[PDB]
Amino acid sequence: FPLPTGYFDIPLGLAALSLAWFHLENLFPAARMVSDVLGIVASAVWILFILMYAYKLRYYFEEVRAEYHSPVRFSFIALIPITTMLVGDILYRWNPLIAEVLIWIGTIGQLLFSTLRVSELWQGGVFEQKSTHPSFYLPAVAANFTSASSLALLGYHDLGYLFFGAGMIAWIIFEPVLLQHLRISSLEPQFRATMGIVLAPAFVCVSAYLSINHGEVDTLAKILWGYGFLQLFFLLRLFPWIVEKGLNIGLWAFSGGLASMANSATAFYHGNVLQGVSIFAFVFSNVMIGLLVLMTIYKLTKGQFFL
């Protein structure tokens, strides 16, 4: 099937950057235009990708079956509901009713998804030590942070805090065994682009947190940013090793983290906290996601995108 599930990272990353620029509108009006263009690109890619995936469910169902049951690959499916909610969040600026349908479909879906599949891992005997990949953050952690921000947007803040709490504690509970496994075993080259997901948790956390708490940059938020930057420096240093066997579309896995860096940076800028670190983060993230776009345009014009 020509569409790898992982490619939902593309509208994921583009949609989150849209939302990041959106929060700048009231400081710099031209940011709205930029926010709108990214949101439209992201929504169109999401529509294309949802229709391709429906095509897969219908005619390549065994391949979805097998990725669903894999203790490793099941995770990427969580990107479907996540981008669904993020597109819904973009659309809210134009049609709050369609946005809310999309947000609930995505929230119910991810919750149902993790309850069915993540819990089942606890029966033992299928997940193995080498199953301890960064992609596990998706169903467990990123899905919940996205429901939390998206439900806040619709005015459900208390409900938002529940899903936030689920994401935050799930993250702290998984990372310990992940980092220990990387230390000991690490990852073979073909999985290494997924190290980009390791960037995500702190930054997606604080961005979701600031969405629910009215943009108030407090101690918790500063604390998350600190640890976010620590992981960024580590990943920067690791980058040559990560792309040891070459650059590839898998690198879109950094995009959710990078985009949350941009988003959180806008909140910090608004609240007048580390404004310089903010400008740096926002510009850095944008340039990098920009490089991902240029490399994806390159591959599209060398017939090397789809399978």
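Residues carry their position along the shown sequence, with the first being 1.
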statement: Assert higher mean C-alpha B factor (83 to 91 or 218 to 226, deposited values) equals 83 to 91
task: Would you mind comparing 165 to 173 and 137 to 145 for me and telling me which has the higher average C-alpha temperature factor in the entry?
output: 137 to 145
- prompt: If you compare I289, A20, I297, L12, which has the highest Cα B-factor in the entry?
  reply: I297
query: Looking at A44, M261, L238, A267, which has the biggest Cα B factor in the entry?
result: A44
query: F191: which third of its chain by C-alpha temperature factor?
result: highest
field: Chain-wide C-alpha B factor ranking for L121, given as lowest, middle or highest third
entry: middle
statement: Sorting the chain's modelled residues by C-alpha B-factor and splitting them into thirds places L251 in the middle
field: Third of the chain, ranked by Cα B-factor, where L102 sits
entry: highest
Entry-reported Cα temperature factor of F233, expressed as the chain third it lands in: lowest
